[PDB]
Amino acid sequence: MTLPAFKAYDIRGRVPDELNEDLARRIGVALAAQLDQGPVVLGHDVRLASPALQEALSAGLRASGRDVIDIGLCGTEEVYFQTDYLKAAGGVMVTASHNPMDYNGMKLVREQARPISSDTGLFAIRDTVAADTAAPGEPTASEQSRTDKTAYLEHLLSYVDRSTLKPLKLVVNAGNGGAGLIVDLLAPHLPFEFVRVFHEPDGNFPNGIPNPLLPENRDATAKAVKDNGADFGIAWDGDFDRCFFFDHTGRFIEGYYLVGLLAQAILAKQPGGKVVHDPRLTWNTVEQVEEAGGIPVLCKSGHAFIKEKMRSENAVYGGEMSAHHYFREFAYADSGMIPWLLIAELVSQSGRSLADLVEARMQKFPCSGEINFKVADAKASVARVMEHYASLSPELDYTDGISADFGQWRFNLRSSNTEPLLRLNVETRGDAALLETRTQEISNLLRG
């Protein structure tokens, strides 16, 4: 009935039955009709099928009279950056994120790298592609190759004071995705000693598809940090718009705590700024932002909502617990590079370990981590939870699912916009025992 590849925030599907060169050319034609005037920026990740999908995208765009700026093999944040930097009408990143090997996809943005989502253009594109039986026209526009990263690289380096940086030893783990190319281009401008793990891009993924959240991939970075006495370690997903931190003990840092740490880091530079955060886990961020002089701003989870709220608020920084970090100067877009530059600067400047920068906060606001439930009836399961806790009279907020605040503990429970899942997050005021008993209680009710 509808094309499955078109999801709430991007396109993704198995090649070639859900996504192929014909659909990609048709997407290019339909994208040309949705955008304002200007050229379109295209880039792609390390997957084997990605270049051919970009070529068809370009073929459909140029047949519709759009100039194409091919920035080549890149990270997703480079499409965002170059789209805004070159004042393009739009951009497309061909990337499969971390879906299986036979999969690929696309992330589409319009002017200033504003996201194009299901309800803001993507389903309009889908419907056009679905009905398009027109003969493929011929290109009436040019393609320029623009692989110079100087402006991008300079913008990354502008977030830190290079004269304050220490020669930290940093484990870097590209997972054979694309992040290692950017690390190597930054390295002549930085004092750090890099320990490079799974560094070379390989779309065949000899060491697994890049996903630092899976414990086996987690351990490769952790062991490299411990084995080398590194100050900390960093891992990326394949298109490296997500980054993941490992302290000097090898412990993976739960992304929740990076939001408050990056907020204080940014607020030191831009006093009194607003900081956008999501509703899943809040107490630590609210406190760290306020203590650093900032103003926290609650916002629905999801990069489209985060970006739009950041724009309306002139917020300097936005952070999600799911390893997405957004920066006003970066076209309000997410970066997998800016966050570790900022953390390295903080470690260099404060003389404190990454471990110690987060340890007191992890003690003060222990959290469950996101816990996903595939249930027979999401709506019924949520009702069993709320009915159980009704007699306690929690403070309820519906910005994003249901947030219930009981005083010493709170939870958020939502349905995913990208998967038919229920997602659960719990945190407490310095009480690990209460965190475990309440998490287990909620889990049993959801599973019921």
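We call the rigid core whatever largest set of C-alpha positions still superposes within 1.5 Å between the two forms. Start at 1 and count along the sequence shown; that's the residue number.
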Comparing 419-427 and 57-65 where Cα RMS over structures and residues is taken in 6 other deposited structures of this protein (core fit), larger one: 419-427
Of 381-389 and 409-417, which departs more from this form in 6 other deposited structures of this protein by CA RMS after core fitting: 409-417
Comparing 131-139 with 102-110, the one whose average Cα B-factor in the PDB entry is higher: 131-139
Stretch with the greater mean C-alpha B-factor as recorded in the entry, comparing 371-379 against 163-171: 371-379
Selection by C-alpha B-factor (highest) of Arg352, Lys223, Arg242, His303: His303
Member of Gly65, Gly407, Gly43, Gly28 with the greatest C-alpha B factor (per the PDB record): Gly65
Chain third (lowest, middle, highest) by recorded CA B-factor, residue given as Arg311: highest
Chain third (lowest, middle, highest) by recorded CA B-factor, residue given as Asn412: lowest
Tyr256 - which third its CA temperature factor falls in, relative to the rest of the chain: lowest
Chain thirds of CA B-factor: placement of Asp231: lowest
Third of the chain, ranked by Cα B-factor, where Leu19 sits: highest
